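Notes follow the structure.
In what follows, every heavy atom counts, from backbone to side chain, and hydrogens, waters and symmetry copies are set aside. Just so we're on the same page: letters track the sequence lines, and every chain starts at 1.
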Amino acid sequence: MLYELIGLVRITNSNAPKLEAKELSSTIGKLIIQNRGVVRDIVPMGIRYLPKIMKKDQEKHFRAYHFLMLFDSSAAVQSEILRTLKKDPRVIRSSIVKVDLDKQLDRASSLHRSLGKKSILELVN
Amino acid sequence: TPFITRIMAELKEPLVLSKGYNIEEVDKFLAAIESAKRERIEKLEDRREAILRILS
Amino acid sequence: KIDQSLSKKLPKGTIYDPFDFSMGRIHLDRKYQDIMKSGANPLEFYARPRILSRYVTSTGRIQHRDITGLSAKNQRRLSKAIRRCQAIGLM
RNA sequence: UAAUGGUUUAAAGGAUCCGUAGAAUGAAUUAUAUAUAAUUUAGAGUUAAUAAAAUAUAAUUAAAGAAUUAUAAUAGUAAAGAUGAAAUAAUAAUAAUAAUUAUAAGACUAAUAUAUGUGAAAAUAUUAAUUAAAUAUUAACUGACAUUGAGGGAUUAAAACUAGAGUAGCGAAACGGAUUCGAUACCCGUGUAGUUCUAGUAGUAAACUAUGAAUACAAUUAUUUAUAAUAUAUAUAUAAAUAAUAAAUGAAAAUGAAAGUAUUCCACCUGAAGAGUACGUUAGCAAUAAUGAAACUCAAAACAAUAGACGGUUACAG
Ligand SMILES: [Mg+2]
Ligand SMILES: [Mg+2]
Ligand SMILES: [Mg+2]
Ligand SMILES: [Mg+2]
Ligand SMILES: [Mg+2]
Ligand SMILES: [Mg+2]
Ligand SMILES: [Mg+2]
Ligand SMILES: [Mg+2]
Ligand SMILES: [Mg+2]
Ligand SMILES: [Mg+2]
Ligand SMILES: [Mg+2]
Ligand SMILES: [Mg+2]
Ligand SMILES: [Mg+2]
Ligand SMILES: [Mg+2]
Ligand SMILES: [Mg+2]
Ligand SMILES: [Mg+2]
Ligand SMILES: [Mg+2]
Ligand SMILES: [Mg+2]
Ligand SMILES: [Mg+2]
């Protein structure tokens, strides 16, 4: 199954805000690939202000580093990834949505599919 | 009953691919793509492994 | 000067009639005054708060189909996308 | 001496579907005596392909959001709350109410929205995932394998019960304050059970479209809705739904593709009251649920419509 994760990583280190998101992506990608998975995209969204002052665990956030990860993995490991995301202080919000592959093996992320690039092959041409 | 068990076991075999693919055909097809590209190695192994993981 | 509402600006290169120089024309203009109104699937914009913040109110209430003018399918998809965006910490 | 009947509203559709028997019913051609046989694909199915969000439904797991209540603080001051107006044994000088923060807990799901839809019905609209089901059209395949369905089975709102958790709000009962001739009520305050979750029991609702299911057919229009084209235009064709109808039916109201024309199968009704009562039986922890009489009494009783009268009924004028 193809899945699209959209994480909202915290940025406490002001001088290098991307520092957290990089190691988040590294951890999740390592898990996926070591569990017979594949990572198709790690599309970075930017630093953005959250709509509200969201309180993950016992610390309040007003902004976060948004990032998207498109990855092919099985249901069990996808649940495991969601579990690790939900119990990580670094992550404020997380969400994994399926991308249906009944038509096409190759499919771009939601952002590129919205821009018009239906599959990764268009995105690389 | 033998039939149900054999069918389920054949489903559970390794290198079994979904969406009507066969591993023998897939390997031969990938080799044919590479030979045709020549006629007109670890990176190709990674491409093969990615394909087999997606189609597993 | 006069209020711009009471006056009519005839565009450039357009034909006109004497009727156009009248309050009837302005009144008739008042009475007879996009991305989702297309093949695009609104459910692909669930991670794009800027696009689908156009189809909500200042307080965030999804606009009725009478307002958005979308098809029933695209109204349903847009509402689903907006709710999903609200759930995933965007919006 | 009326069934040459009925069941939306007069008595009467089973809550729903699944399905067993049916001494119920049920396609086509040919041959031989209603059957047998061989053939066929129009019903009913299976598997793919293609298109579409098969998004909605069911279970499970993981999340989000506004608010409420309580607790603690901060500053600030005399009232607050409720009502038609007031008052409450437990609002406030022990600093309340209001405001601003911070913690905690339950329950619920604003907009979209039409329940459009999905589901057999009951139900079901905050998000995500897993699993399961559900669409149309083509291709190929089976060759009547179908329909309905007594008994039976399964599921089944709200209330209720048995255990164990939870209990913020709401709130039977109870206790008080009002109102009143009286209050046993409406209104106000505390508020137990319940409402929540887990495992069960129970199987009832105006479980309603007050309308059982299937099949064949019948004149139009307008909308959508979903496909298939053809080059926004064909006011584009083919389906379903919705709305208004023709005909038909009907006591009418009205129904309207069924309450029409027909066929098949099942359920149910036979004046009112006694009575969904008593007794018995079965089931259930119970509450109860199912099944379900008779005597006695009467010439009633009901439905639709008509014209008034009336209304602490609307609007408009004068
Ligand atoms: Mg007779
Ligand atoms: Mg009645
Ligand atoms: Mg009746
Ligand atoms: Mg019924
Ligand atoms: Mg009934
Ligand atoms: Mg809503
Ligand atoms: Mg049946
Ligand atoms: Mg309900
Ligand atoms: Mg209960
Ligand atoms: Mg208990
Ligand atoms: Mg409680
Ligand atoms: Mg109360
Ligand atoms: Mg009274
Ligand atoms: Mg009370
Ligand atoms: Mg039960
Ligand atoms: Mg009862
Ligand atoms: Mg009943
Ligand atoms: Mg009748
Ligand atoms: Mg009884």
Considering heavy atoms only, which positions within [range] lie below 4.5 Å of chain A?
range: residues 5-19 of chain C; value: none
range: residues 84-91 of chain C; value: C:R84, C:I88, C:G89, C:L90, C:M91
range: residues 48-56 of chain C; value: C:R48, C:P49

Part of A:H66 within contact of chain C (heavy atom distance under 4.5 Å):
side chain
Identify the heavy atoms of C:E44 and A:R113 that sit nearest to each other, and give their distance.
OE1-O, 3.2 Å
Taking heavy atoms only and a threshold strictly under 4.5 Å, list by residue number the residues of residues 27-55 of chain A that touch chain C; give 'none' if the list is empty.
A:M45, A:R48, A:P51, A:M54
Please say whether more than 12 non-hydrogen atoms of neighbouring residues, nucleotides or ligands are located less than 6.0 Å from CG in C:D34.
no
Is C:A47 in contact with chain A via its backbone, its side chain, both, or neither, using a 4.5 Å heavy-atom distance?
both
